[PDB]
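Colleague: This structure is in structure tokens; I'll ask about it shortly.
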Amino acid sequence: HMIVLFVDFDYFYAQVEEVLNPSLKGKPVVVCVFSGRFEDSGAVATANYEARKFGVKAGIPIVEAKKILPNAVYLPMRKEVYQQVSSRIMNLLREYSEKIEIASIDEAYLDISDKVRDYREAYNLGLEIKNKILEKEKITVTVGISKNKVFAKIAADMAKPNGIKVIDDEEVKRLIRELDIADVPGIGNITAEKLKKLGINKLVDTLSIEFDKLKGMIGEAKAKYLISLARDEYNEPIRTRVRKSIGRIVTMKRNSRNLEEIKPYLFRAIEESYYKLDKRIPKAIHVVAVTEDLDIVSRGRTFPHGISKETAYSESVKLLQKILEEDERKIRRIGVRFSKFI
DNA sequence: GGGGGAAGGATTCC
DNA sequence: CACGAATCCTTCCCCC
Ligand SMILES: Nc1nc2c(ncn2[C@H]2C[C@H](O)[C@@H](COP(=O)(O)OP(=O)(O)OP(=O)(O)O)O2)c(=O)[nH]1
Ligand SMILES: [Ca+2]
Ligand SMILES: [Ca+2]
Ligand SMILES: [Ca+2]
Ligand SMILES: [Ca+2]
Numbered sequence: 610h611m612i613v614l615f616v617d618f619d620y621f622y623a624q625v626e627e628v629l630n631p632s633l634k635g636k637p638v639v640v641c642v643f644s645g646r647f648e649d650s651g652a653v654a655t656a657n658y659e660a661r662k663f664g665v666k667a668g669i670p671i672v673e674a675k676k677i678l679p680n681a682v683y684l685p686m687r688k689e690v691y692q693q694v695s696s697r698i699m700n701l702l703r704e705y706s707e708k709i710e711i712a713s714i715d716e717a718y719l720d721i722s723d724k725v726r727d728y729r730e731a732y733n734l735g736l737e738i739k740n741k742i743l744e745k746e747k748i749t750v751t752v753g754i755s756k757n758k759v760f761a762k763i764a765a766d767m768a769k770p771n772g773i774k775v776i777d778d779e780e781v782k783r784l785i786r787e788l789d790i791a792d793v794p795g796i797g798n799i800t801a802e803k804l805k806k807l808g809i810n811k812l813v814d815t816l817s818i819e820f821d822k823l824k825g826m827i828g829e830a831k832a833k834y835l836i837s838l839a840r841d842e843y844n845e846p847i848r849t850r851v852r853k854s855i856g857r858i859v860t861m862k863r864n865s866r867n868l869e870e871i872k873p874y875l876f877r878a879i880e881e882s883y884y885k886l887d888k889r890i891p892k893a894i895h896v897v898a899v900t901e902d903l904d905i906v907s908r909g910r911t912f913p914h915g916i917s918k919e920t921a922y923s924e925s926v927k928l929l930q931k932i933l934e935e936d937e938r939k940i941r942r943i944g945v946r947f948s949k950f951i
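In structure tokens, the structure reads:
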């Protein structure tokens, strides 16, 4: 069958910051996203393991991080930089297999089925790849290897950080019955709970439930997905993913429902969005708002043609107005998203 | 009954 | 509650 090798870069953003300023190694490093509402308002994008040991991780408020680690190194997120480093590493991987799926800024899958035979050679190829990336970009990564993408990923999670692991056909059979359903990619907290209310704590448990009831609880796609995995039949092909949308969203100094007060933020979002679009022309635009109670509302429109900067501006305000008149809540974050590229 | 789209929301965290 | 992008779901709507 198919042999998949998954690469996931270790504590990536923070590690890139270490590569660019080596003295940082050994010290707790936290990459922050400062919202500008107040001094250290915002959240953590990621932290290195020195910092994670004490509970400082992605998603917690920067303020909470500083209470725990007042003397750690706090850096503003520099996405562009991390993206360029990522691209280079992806190019190196692209040399080990043409069948590659760049799943995100820091992970990719390679179909090495006709590149090696048996897991042994696969394992050796993983070490070659780890060594090559460490040598070329001084970045440590974790390799996951199995028969399909979901398990290759799971193997990497199990080997984090700077590890490599193979989950052979026998171990998969074991995991299908031993693994906590919540540790399965695609199963967030909302799905974990529904599956719990169904008596489904492991993958195998999805086989002892009437499909119709499963489908009714979590949806058909997710249901067929889990059953497929449980039947040891999951086998999605590794394929090139293409960017389908580009957008920007900013946090406003203060929460507001005032149009003239919100426009500047919206227009700044549009400007960045367009620059990032580069030479892409979208036919669809969506105005996205995050309300005072962290809920997310959006309004959009598809055009029978490409959207120009002027159009985007004009339309953005109409969609923003539609949002204000339709949701009595104050707006905290405002932005845009362009999709359906020509 | 059913295709095809579009819109807005749900969920994931890749 | 203290920060970008993909996929899937429900609800409409138009119409063969
Ligand atoms: N802004 C923001 N960025 C995130 C968040 N989560 C992840 N990222 C970014 C920065 C992370 O370094 C990068 C890769 O995510 P990972 O889940 O693989 O974590 P990282 O690679 O940081 O740690 P790891 O060694 O894989 O456990 O994506 C988040 O919650 N907010
Ligand atoms: Ca990673
Ligand atoms: Ca990752
Ligand atoms: Ca989970
Ligand atoms: Ca994550």
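The first sequence begins at 610 in the working numbering and counts up one residue at a time. Even for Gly, the Cβ is constructed at its ideal location relative to N, Cα and C.
Confirm the yes/no value for this check: CB of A667, any heavy atom of ligand 5, distance under 8 angstroms.
Modeller: As a first step, residue 667 must be located in the first sequence, where it is residue number 58. Checking every heavy atom of ligand 5 against the Cβ of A667, one is found closer than 8 angstroms.
Colleague: Can you find at least 3 beta carbon pairs, one from the region 644-655 and one from the region 729-738, that sit closer than 8 angstroms?
Modeller: Short answer: they don't touch.
Colleague: Short of 6 angstroms in beta carbon distance, which residues of its chain neighbour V672, apart from the five on each side in sequence? Order them along the chain.
Modeller: Position 63 of the first sequence, counting from 1, holds the residue named residue 672. If we look at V672 and ignore the five residues flanking it on each side, its Cβ neighbours are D649.
Colleague: Could you tell me whether any non-hydrogen atom of ligand 1 is closer than 8 angstroms to the CB of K769?
Modeller: On the first sequence, position 160 is the one that residue 769 refers to. Checking every heavy atom of ligand 1 against the Cβ of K769, one is found closer than 8 angstroms.
Colleague: For the alpha helix (DSSP H) that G735 lies in, which residues bound it at each end?
Modeller: By one-based count along the first sequence, residue 735 stands at place 126. From DSSP, the alpha helix (DSSP H) with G735 extends over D727 to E746.
Colleague: Return the chain-ordered ranges of every alpha helix (DSSP H) run that is complete within the region 619-675 and spans a minimum of 4 residues.
Modeller: Listed in chain order, the complete alpha helix (DSSP H) runs (minimum 4 residues) inside the region 619-675 are 621-629 and 658-661.
Colleague: Using only the heavy atoms of ligand 1, determine whether one of them is closer than 8 angstroms to the beta carbon of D715.
Modeller: Along the first sequence, one-based indexing puts residue 715 at 106. Yes; taking the cut-off as 8 angstroms, the Cβ of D715 has a heavy atom of ligand 1 nearer than that.
Colleague: State the Cα-Cα distance for the pair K666 and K888, rounded to the nearest angstrom.
Modeller: Against the first sequence, residue 666 aligns to sequence position 57. Against the first sequence, residue 888 aligns to sequence position 279. Taking the straight line joining both Cα atoms gives about 36 angstroms.
Colleague: Taking the alpha-carbon positions, what's the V639 to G795 distance?
Modeller: Mapped onto the first sequence, residue 639 falls at position 30. Mapped onto the first sequence, residue 795 falls at position 186. Rounded to the nearest angstrom, the two C-alpha atoms are 26 angstroms apart.
Colleague: Please report the Cβ distance between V793 and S882, rounded to the nearest whole angstrom; I am assuming they are in contact, meaning their Cβ atoms lie under 8 angstroms.
Modeller: Locating residue 793 in the first sequence gives position 184, where the first residue counts as 1. Locating residue 882 in the first sequence gives position 273, where the first residue counts as 1. Not really, about 34 angstroms apart at Cβ, beyond 8 angstroms.
Colleague: Under 8 angstroms: do the region 903-914 and the region 848-864 share three or more Cβ pairs, one atom per stretch?
Modeller: Result no; under three Cβ-Cβ pairs closer than 8 angstroms.
Colleague: Which runs of the beta strand (DSSP E) spanning at least 3 residues fall entirely within the region 878-910, listed in chain order?
Modeller: For the region 878-910, whole beta strand (DSSP E) runs of length 3 or above, ordered along the chain, are 891-900.
Colleague: The alpha helix (DSSP H) spanning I940 covers which residue range?
Modeller: Here the question's residue 940 lines up with position 331 in the first sequence. From DSSP, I940 is part of no alpha helix (DSSP H) but of the beta strand (DSSP E) over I940 to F950.
Colleague: Would you report the Cα separation of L743 and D777, rounded to the nearest angstrom?
Modeller: Locating residue 743 in the first sequence gives position 134, counting from the first residue. Locating residue 777 in the first sequence gives position 168, counting from the first residue. Each residue's alpha carbon lies about 26 angstroms from the other.
Colleague: Identify which residue in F663, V859, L784 and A731 has its Cα closest to the Cα of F876.
Modeller: The residue you call residue 876 lines up with position 267 of the first sequence. Among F663, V859, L784 and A731, the Cα nearest to that of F876 belongs to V859.
Colleague: Bridge partners for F615 per DSSP, in chain order?
Modeller: One-based indexing of the first sequence puts residue 615 at position 6. DSSP lists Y718 and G753 as partners of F615.
Colleague: Within 10 angstroms of the Cβ of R840, are there 16 or more other Cβ atoms? Answer buried if so, exposed if not.
Modeller: By 1-based counting over the first sequence, the position of residue 840 is 231. So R840 counts as exposed.
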